[PDB]
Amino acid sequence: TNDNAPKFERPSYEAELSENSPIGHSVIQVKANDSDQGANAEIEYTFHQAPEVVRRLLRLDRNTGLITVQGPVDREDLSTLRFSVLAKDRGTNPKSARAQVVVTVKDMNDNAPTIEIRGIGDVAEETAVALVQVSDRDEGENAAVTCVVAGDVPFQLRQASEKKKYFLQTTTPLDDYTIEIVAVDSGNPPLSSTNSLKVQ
């Protein structure tokens, strides 16, 4: 008869996993142990109680305790996957044991900075003429954006001090102009977008 509980090799498991990992990719391996012999020591791993998301993104091998990728991890959609692995042997009285598991989703530079523009209408030098707002959905460096007017044109950007906002203003006056704004991450590889604009 079934004398022992299964026992995880660790009460709790931490893990890092970069978003957009390929399907099939190994995430982590869990192991439990039964001092017993026979079926009374034959462990199945299962997480039927795990959140829909976890079950949607991850596959847990019933026999080995290998968690591998089966869906699209988006750090931008969900940044941490926390759940619990159940291990029970095959006694007819099947003694169980439970280990909790945390996967922190690592950021990838998968998001090009976005730049939204609205106008304000001799004209004075240093005069604000548009509102430019810039935002990158990524994290840290991958969202450290650099924004500049492409060309040689008598306009430049100036920050509304410390979603980043900027005044597109005047560098000298006169008395009509197309103006291209350029945005670039400080992540590797960096991504980039532009937005044209006709002064009004």
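Numbers follow the displayed sequence, beginning with 1.
- Looking at 103-111 and 89-97 together, the entry lists the larger mean B-factor for 89-97, computed on C-alpha atoms.
- Between 142-150 and 34-42, the higher mean Cα B-factor belongs to 34-42.
- Of the candidates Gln49, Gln70, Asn63, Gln159, the PDB record gives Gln159 the highest C-alpha temperature factor.
- Ranked by Cα temperature factor within the chain, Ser192 sits in the lowest third according to the deposited record.
- Looking at the C-alpha B-factors along this chain, the one for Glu180 belongs to the middle third.
- Among all modelled residues in its chain, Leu81 ranks in the lowest third by Cα B-factor.
- Ranked by C-alpha B-factor against the other modelled residues of its chain, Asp74 falls in the lowest third.
- When the modelled residues of the chain are ordered by their C-alpha B factor, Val53 lands in the lowest third.
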